[PDB]
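Presented below is the structure to which this report refers.
Cβ: placed from backbone, ideal geometry, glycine included. Neighbour counts: every protein chain shown. Each reported figure results from applying straightforward, stated rules to the coordinates on display, with no laboratory input.
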Amino acid sequence: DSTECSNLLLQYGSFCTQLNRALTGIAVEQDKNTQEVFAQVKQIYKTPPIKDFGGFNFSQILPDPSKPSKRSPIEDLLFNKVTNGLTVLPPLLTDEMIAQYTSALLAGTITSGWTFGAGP
Amino acid sequence: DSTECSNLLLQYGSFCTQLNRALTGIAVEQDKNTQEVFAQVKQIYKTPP
Amino acid sequence: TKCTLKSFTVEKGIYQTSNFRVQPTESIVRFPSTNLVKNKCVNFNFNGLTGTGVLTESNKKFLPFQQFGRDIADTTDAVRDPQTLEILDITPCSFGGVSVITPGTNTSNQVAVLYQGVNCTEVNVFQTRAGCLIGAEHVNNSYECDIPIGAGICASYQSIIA
Amino acid sequence: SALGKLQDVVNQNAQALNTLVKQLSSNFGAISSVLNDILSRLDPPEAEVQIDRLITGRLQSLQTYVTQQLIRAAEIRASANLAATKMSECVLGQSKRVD
Amino acid sequence: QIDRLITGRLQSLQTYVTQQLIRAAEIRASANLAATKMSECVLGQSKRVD
Amino acid sequence: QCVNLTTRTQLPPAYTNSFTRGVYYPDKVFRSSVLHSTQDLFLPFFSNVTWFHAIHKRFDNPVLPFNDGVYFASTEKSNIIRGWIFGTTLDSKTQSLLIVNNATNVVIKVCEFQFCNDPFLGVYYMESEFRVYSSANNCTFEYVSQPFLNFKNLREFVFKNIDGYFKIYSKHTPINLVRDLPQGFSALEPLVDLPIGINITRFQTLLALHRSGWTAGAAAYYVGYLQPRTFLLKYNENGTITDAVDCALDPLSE
Ligand SMILES: *[C@@H]1O[C@H](CO)[C@@H](O[C@@H]2O[C@H](CO)[C@@H](O)[C@H](O)[C@H]2NC(C)=O)[C@H](O)[C@H]1NC(C)=O
Ligand SMILES: *[C@@H]1O[C@H](CO)[C@@H](O[C@@H]2O[C@H](CO)[C@@H](O)[C@H](O)[C@H]2NC(C)=O)[C@H](O)[C@H]1NC(C)=O
Ligand SMILES: *[C@@H]1O[C@H](CO)[C@@H](O)[C@H](O)[C@H]1NC(C)=O
Ligand SMILES: *[C@@H]1O[C@H](CO)[C@@H](O)[C@H](O)[C@H]1NC(C)=O
Ligand SMILES: *[C@@H]1O[C@H](CO)[C@@H](O)[C@H](O)[C@H]1NC(C)=O
Ligand SMILES: *[C@@H]1O[C@H](CO)[C@@H](O)[C@H](O)[C@H]1NC(C)=O
Ligand SMILES: *[C@@H]1O[C@H](CO)[C@@H](O)[C@H](O)[C@H]1NC(C)=O
């Protein structure tokens, strides 16, 4: 909050603008990375209510209806096992929407194979 | 070996720690690179005589 | 936004334009002196320890020798008043980025403002996890993301909706 | 140690933030690291010099932090591009690429 | 005078560490490519052209 | 009044292990659930701490150096140890510090005391004997406070002199160990900061005689010396230092 310090800092030019621009570029790059990795399908696929897959069990990877986060047991375990002018910007995609994207990918690859990745 | 220089250098804080940690990260990264490239088999095979 | 981007035409999107800092409304001195003002962003001087913050009642259990409390980063996050022995948390005053959400100037001149990481009571009002949004009406319908706000929230023009 | 790759990134980012905040406690050759102490103890002709020393030290620290942040951003971007490639080729199709 | 020497040598060391980090990133990318070629060209037959 | 004690038994002073004692709070700052690294004048872990006895006929009042600071441990029962003497020459030429704890209160005086060769207090079997100094001419600082105080009681004190400020740290511990220092950890709370502003290089322990000649009550004290070093202190959720690491002791702790 020092006015004299800011007045002396203005003598150095646009260093602060450069640093803010670089941090903004990193911040938008993280969101672009998350879009590139997880948002590769424009259809939200869902599994059938009857889990008849010829003996194959996907309960550990499909979302659990009992959990409020709508995560798989594996994803829930993964989330449990990971623990002065500074601000932290929230990610554009929240964890439940990323879980929804993974659920859509799982439903597509289980019910349709590789067909959903190449078209209908 | 100048003690006055080190006493003045302590005023600048942990720059030296950051430089040492970055170099240590590069040094372990080289070993990780060699491990990923060459150690792709866990059995040492030999040709027949 | 036009001044920040150095252009008279602004494309559609969100642009970081300014920084919002809650200015200290009063100055408080406490020596072994003025009255103690809590829950407001004020300057404080406790036993020669100067600073700026919001004073709140604390649940910490300072031992008698202990006077001011430091956090991980060695900033004073709790202080004991030297006259009445009570503990007060010192939350840093509300600061955040000010971002302007706008469509293209070819389309419209309407804008909305996002105060990042700032609650709506210290500044069409809508509270998001990303911050307080002023000027955009919140709708219950879901569309594709046009202008990203954050925390699952996006904005579009149809007035500006969020 | 199964999830060491994510924890390494989290630890590196937290450590970089802690170092950047910690660098404010250093005076960088000035009489004090607190701006208010310098402004209240000295006249503006010498306080300008002390504030200048603090400004150049803090600016060097911030530029250094931004530099490693950009390098780590490049590394994370490369890892994310690899992850997107694995998502496209292993999940959305069957890959003939060995390993 | 020692402060001038310290800031000059510190700037030189920061420059060296920064360019070493950039070269380390380049070498890491090349090594990842080499590991990919080791997996796909030596340990199998690759249909990828060139 | 001064009295020579001529019934002592000649014996060399003993030595023992410090274990993990001598840790004090380095400052007045509350810290919770944190690991804090501090560089200050501390007593090294597992160091050679000098052991002095008071038993009957041992009466250990030697002339000891102060150096950078002094850790004073006391395995005490029945209240024999009463105070300390600090100074450089311990006479009227220089200015000296007096700390006493008599039957009523704790008195700190900074005066040019002409000290006795054997300064002591006395208990008659009531306190009616005091022979520490013969004169006090120029007094600058006075401070009267509350009483600070098988072996049943453990008294830890840390005396430091930095920038003309005398920092006294204290801790009172209930123990039941018979002969030596118990092995454990106890952080010493800061007791008082005195603006005495005097040069201190030598110190004396003050004891109390028991009269029914004289008899020495069963007591034992330990003197350790502080060195500038780094410790890693652990602060729990309640702000109490619960464990410590000596940064220069062994490579594991380093
Ligand atoms: C699929 O696998 C899941 C988990 O392995 C099975 O769920 C288990 O069912 C048994 C018997 O009902 C329970 O005792 C276990 O506690 C269940 N495990 C969990 C994690 O809940 C499930 O029965 C399998 N089969 C089908 C058709 O879903
Ligand atoms: C107690 O013993 C000490 C030690 O002998 C006496 O101190 C001496 O006092 C004489 C006085 O004429 C001096 O000349 C000596 O140089 C002193 N010696 C030391 C080592 O300081 C002290 O006087 C004795 N007390 C009494 C009351 O006689
Ligand atoms: C303590 O010092 C004495 C001599 O001053 C020595 O004989 C003894 O062995 C030392 N103790 C330890 C544990 O080193
Ligand atoms: C203890 O010392 C003080 C200070 O001289 C004195 O006033 C008090 O009477 C003393 N108490 C006893 C029991 O001698
Ligand atoms: C100290 O005491 C002596 C004798 O009592 C006296 O001559 C001298 O002036 C005193 N010094 C001070 C500073 O009071
Ligand atoms: C304190 O006393 C010692 C011993 O007489 C001496 O060497 C030292 O220089 C003195 N320090 C000061 C500041 O007077
Ligand atoms: C801290 O204090 C609480 C009570 O306030 C107690 O239950 C807890 O056990 C204490 N923690 C430790 C480590 O002693």
Exercise for review: Residues being in contact with a strand residue (DSSP E or B) (Cβ under 7 Å, 6 or more places away or on another chain) and β-branched (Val, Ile, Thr): count how many of those fall in segment A:1-43.
Suggested key: 1
Review point. Do the conditions hold for C:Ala78, that is, is it touching a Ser or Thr at 6+ places or on another chain (Cβ under 7 Å) and within 14 Å of chain F (Cβ to nearest Cβ)?
Key: yes
Check your understanding: Can you find a residue in segment D:5-12 that is of a type outside the set (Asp, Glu), loosely packed, with under 15 Cβ neighbours inside 10 Å and facing another protein chain (nearest Cβ under 7 Å)?
Key -> yes
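Which of the residues that make up chain B are in a helix (DSSP H, G or I), within 23 Å of E:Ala35 (Cβ to Cβ) and within 12 Å of chain D (Cβ to nearest Cβ)? Spell out how you get there, then give the answer.
As a first pass, look at chain B and keep what is in a helix (DSSP H, G or I): B:3-12, B:15-38.
So of that shortlist, the ones also within 23 Å of E:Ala35 (Cβ to Cβ) come out as B:24-38.
Answer for chain B, where residues must be in a helix (DSSP H, G or I), within 23 Å of E:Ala35 (Cβ to Cβ) and within 12 Å of chain D (Cβ to nearest Cβ): B:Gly25, B:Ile26, B:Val28, B:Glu29, B:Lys32, B:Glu36.
Which of the residues spanning segment F:90-119 are within 16 Å of ligand 2 (Cβ to nearest atom) and over 19 Å from F:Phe157 (Cβ atoms)?
Quick first cut of segment F:90-119, residues within 16 Å of ligand 2 (Cβ to nearest atom) only: F:90-94, F:96, F:113-119.
Residues satisfying the conditions are F:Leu90, F:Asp91, F:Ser92, F:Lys93, F:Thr94, F:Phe113, F:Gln114, F:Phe115, F:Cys116, F:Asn117, F:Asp118.
Residue under question is F:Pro190, and the condition is that it be closer than 30 Å to F:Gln95 by Cβ, surrounded by fewer than 14 Cβ atoms within 10 Å (Cβ to Cβ) and either in contact with a strand residue (DSSP E or B) (Cβ under 8 Å, 6 or more places away or on another chain) or of a type in the set (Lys, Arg) (or both); does it hold? Walk me through how you get there before you give the answer.
Working: closer than 30 Å to F:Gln95 by Cβ: yes; surrounded by fewer than 14 Cβ atoms within 10 Å (Cβ to Cβ): no; either in contact with a strand residue (DSSP E or B) (Cβ under 8 Å, 6 or more places away or on another chain) or of a type in the set (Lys, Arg) (or both): yes.
No; evaluated as a whole, the condition is false for this residue.
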Study note, to complete from the structure: Over segment D:35-63, the set of residues at the interface with another protein chain (Cβ under 8 Å from one of its Cβ atoms) and over 20 Å from A:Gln11 (Cα atoms) is D:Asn36
Check your understanding: Does A:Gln43 fit the bill of being touching a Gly at 6+ places or on another chain (Cβ under 8 Å) and among the polar types (S, T, N, Q)?
Key -> yes
Practice item. Check segment C:26-45 and report whether any residue there is more than 16 Å from ligand 2 (Cβ to nearest atom), polar (S, T, N, Q), loosely packed, with under 13 Cβ neighbours inside 10 Å and under 20 Å from the mean Cα position of the chain (by Cα). Key: yes
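Filter segment C:120-151 down to the residues that are within 14 Å of another protein chain (Cβ to nearest Cβ), surrounded by fewer than 18 Cβ atoms within 10 Å (Cβ to Cβ) and of a type outside the set (A, V, I, L, M, F, W, C) and list them by number.
Within segment C:120-151, the subset within 14 Å of another protein chain (Cβ to nearest Cβ) is C:127-133, C:142-151.
Narrowing further to those that are surrounded by fewer than 18 Cβ atoms within 10 Å (Cβ to Cβ): C:127, C:129, C:142-146, C:151.
Once the filter is applied, which keeps residues that are within 14 Å of another protein chain (Cβ to nearest Cβ), surrounded by fewer than 18 Cβ atoms within 10 Å (Cβ to Cβ) and of a type outside the set (A, V, I, L, M, F, W, C), segment C:120-151 yields C:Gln127, C:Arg129, C:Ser142, C:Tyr143, C:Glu144, C:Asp146.
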Practice item. Restricting attention to segment A:42-62, report how many residues are more than 24 Å from A:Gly119 (Cα to Cα) and charged (D, E, K, R). Key: 2
**Study point:** Residue in segment F:10-32 that is exposed (fewer than 13 other Cβ atoms within 10 Å of the Cβ), under 20 Å from F:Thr75 (Cβ atoms) and aromatic (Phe, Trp, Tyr) present
**Key:** yes
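Among F:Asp193, F:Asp250, which is away from ligand 5 (no atom under 16 Å from the Cβ), more than 25 Å from F:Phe120 (Cβ to Cβ), outside any loop (DSSP other than H, G, I, E, B) and out of contact with any helix residue (DSSP H, G or I) (no Cβ under 9 Å at 6 or more places or on another chain)?
On the way: F:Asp250 fails: outside any loop (DSSP other than H, G, I, E, B).
It is F:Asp193.
Suppose we filter F:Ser212, F:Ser186, F:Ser253 for residues that are closer than 27 Å to F:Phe59 by Cβ, away from ligand 4 (no atom under 16 Å from the Cβ) and not charged (D, E, K, R); which single one remains? Can you show your working first?
On the way: F:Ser186 fails: closer than 27 Å to F:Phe59 by Cβ; F:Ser253 fails: closer than 27 Å to F:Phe59 by Cβ.
Just a single option satisfies the conditions, and that option is F:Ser212.
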Exercise for review: Starting from segment F:44-70, keep only residues that are within 30 Å of F:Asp163 (Cβ to Cβ) and of a type in the set (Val, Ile, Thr), then list their pairs with residues that are in a loop (DSSP other than H, G, I, E, B) and within 15 Å of ligand 3 (Cβ to nearest atom) whose Cβ atoms are within a distance under 7 Å, requiring at least 6 positions of separation or different chains.
Suggested key: F:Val49/F:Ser18; F:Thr50/F:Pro13
Review point. Out of (1) surrounded by 15 or more Cβ atoms within 10 Å (Cβ to Cβ); (2) within 9 Å of another protein chain (Cβ to nearest Cβ), the odd one out for C:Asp71 is which?
Key: (1)
Point to revise | Filter result for the condition that a residue is within 25 Å of A:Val88 (Cβ to Cβ), within 13 Å of chain B (Cβ to nearest Cβ) and touching a helix residue (DSSP H, G or I) at 6+ places or on another chain (Cβ under 7 Å), over D:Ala74, D:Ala84, D:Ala16 | key: D:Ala16
